[PDB]
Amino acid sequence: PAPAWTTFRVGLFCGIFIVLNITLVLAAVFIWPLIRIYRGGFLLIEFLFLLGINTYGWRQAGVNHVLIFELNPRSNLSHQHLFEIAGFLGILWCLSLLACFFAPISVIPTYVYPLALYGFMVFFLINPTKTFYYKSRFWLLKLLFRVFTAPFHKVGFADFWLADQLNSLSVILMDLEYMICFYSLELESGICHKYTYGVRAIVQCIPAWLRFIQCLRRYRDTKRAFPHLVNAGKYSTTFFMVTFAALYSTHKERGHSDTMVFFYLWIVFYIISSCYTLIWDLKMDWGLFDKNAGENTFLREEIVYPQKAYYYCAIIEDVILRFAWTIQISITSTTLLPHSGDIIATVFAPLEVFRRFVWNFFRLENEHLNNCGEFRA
């Protein structure tokens, strides 16, 4: 059981966060792209909350997520701790947004509030002192370093899972790159969003690149072509989508008679990527639609979770949100729809986070039931 003080802190943070959200909504209804700046922080807070929910559900369902992630049996971060961290970060995020909205102090400008929020987040993650979740934070930092140096390090379940999360959090990297461009040029006024370039596509594909190189490393280590090269192609579909969209946009800016062929290539490879990722998540990562399953239709014969309706709704939402996520990657990597691109990305990113949350649920359950990832011996 979590400490009573931990529960009190979680409740206090949740209440303050709720009232801060209400105040922000009231201020909204009653110089900087604040939406893009704060999208990353909001997505991180939502991901932390959904991670706490994932931990609670795994504990309730009996899934041995601790063993899969190779976490210390003696000390395990509770879902309440994740909720507390998410609530505190959300409170700080809301306070920064309110300060931007109202500008309480004339001497203090607006950019310093988001700058301090993100800087405090980074410092808290890498806080040298052993004060607030130091063990878990150091483990997460090691995992992040391993994931980024994917080819050099052997791929474990934790590395692959974190790389998948990054794939679901590419919006943060996109927003950071856009902010860098805005500072470099804007601060034509809208040159950054008016024109798309290759480095933007590279930043979009970075998570997929990490996953693809991890798959190549796993193929080299295990020498099994089917389990790993197919996943590598699944991740390469994303690169093909991104570069084809970028070419289509570039030739839209200046027609070379190849705009239409690039449009067709982008559409076909977008459909291919959506189908590939959806099928991999539905069959390989989840294990559903198993032949052995006779009691549960379209599911696997053993289902740890209580309701099959959970699995069915997960399938439907996974399909819809996979198509939505590929659409969002296309919109964010390249201009495409300029006027509504930012709005589409903002609406879609939380949906992608929720989809990855459900996917984490079901993938961890399947891995507990069967060694789908083959990480274990």
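The term rigid core refers to the most C-alpha atoms you can superpose between the two forms while keeping them within 1.5 Å. Sequential numbering from 1, following the sequence displayed.
With 347-355 and 325-333 as candidates, the stretch whose CA atoms show the greater average offset from this form in 7 other deposited structures of this protein after a core fit is 325-333. Two stretches, 122-130 and 252-260, are weighed by how far their CA atoms sit from the shown form in 7 other deposited structures of this protein after rigid core superposition; the farther one is 252-260.
Compared with other deposited structures of the same protein, residue 194 meets the criterion of being unmodelled in at least one third of those that resolve residues on both sides. The modelled chain is continuous from residue 122 to residue 123, with every intervening residue of the deposited sequence accounted for.
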